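Single-structure report; data block below.
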Number of protein chains: 4
Amino acid sequence: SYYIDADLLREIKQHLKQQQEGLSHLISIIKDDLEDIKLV
Amino acid sequence: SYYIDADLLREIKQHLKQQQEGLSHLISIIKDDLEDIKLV
Amino acid sequence: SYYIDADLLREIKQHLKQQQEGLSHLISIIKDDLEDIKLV
Amino acid sequence: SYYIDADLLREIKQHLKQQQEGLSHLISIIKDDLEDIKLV
């Protein structure tokens, strides 16, 4: 049978992966601002 | 103690704003798809 | 012959709303921080 | 110039990590949905 929302689920997943990459990028910017800390 | 530039918060908040827009987009398209499917 | 399961989409929508709640809370925390910055 | 405690930034990072967990869980749910649709 044809799953009527197949293309939609694929699109939602792709958007979520893009958003996940955005969060990774944010986390990376934060890590880069903290990376030179030797102690705390 | 360790500190960072306060303006980093504004960069973070800008990206989060965008994350929010992305989530809103996805919620909207799901609501639209559910409306279109008329089960009888 | 189609296969349709609206519960799958409702589940995804529920998770997206939960995500949006968390993201709104984080934005609020950063706005609070930026308010405090302005005052020194 | 204005400086914020590095710990405030580590806290934001912790919330971002929680957001990443949420997106991962949702991506996993969609992936599982799409596997299941193969058999209908």
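Chain labels run A, B, ... following the order of the structure tokens; each chain numbers its residues from 1, and ligands are numbered from 1 in the order shown.
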Mind running a least-squares superposition of chain B onto chain D over all the C-alpha atoms, in order, and reading off the RMSD?
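Result: 1.5 Å C-alpha RMSD.
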With 10 Å as the cut-off and only C-alpha atoms counted, what is the closest atom pair between each nearby residue of chain C and chain D? Distances in Å to one decimal, ordered by chain and number, as CSV.
residue,atom,partner,partner_atom,distance
C:2,CA,D:40,CA,9.3
C:3,CA,D:40,CA,7.2
C:4,CA,D:37,CA,9.9
C:8,CA,D:33,CA,7.5
C:9,CA,D:30,CA,9.4
C:11,CA,D:29,CA,9.0
C:12,CA,D:26,CA,7.0
C:13,CA,D:26,CA,9.9
C:15,CA,D:26,CA,6.9
C:16,CA,D:26,CA,8.2
C:18,CA,D:22,CA,8.6
C:19,CA,D:22,CA,6.6
C:20,CA,D:19,CA,9.3
C:22,CA,D:19,CA,7.3
C:23,CA,D:19,CA,7.4
C:25,CA,D:15,CA,9.4
C:26,CA,D:15,CA,7.0
C:27,CA,D:12,CA,9.6
C:29,CA,D:12,CA,8.5
C:30,CA,D:12,CA,8.1
C:33,CA,D:8,CA,8.5
C:34,CA,D:4,CA,9.6
C:36,CA,D:4,CA,9.8
C:37,CA,D:2,CA,7.1
C:38,CA,D:2,CA,8.9
C:40,CA,D:2,CA,8.0
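Note that CA of residue 6 (chain C) and CA of residue 28 (chain D) are 17.9 Å apart.
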When DSSP is applied to the backbone of this structure, which of chain A are assigned alpha helix (DSSP H)? Write them out as a ChimeraX atom specification.
/A:6-34
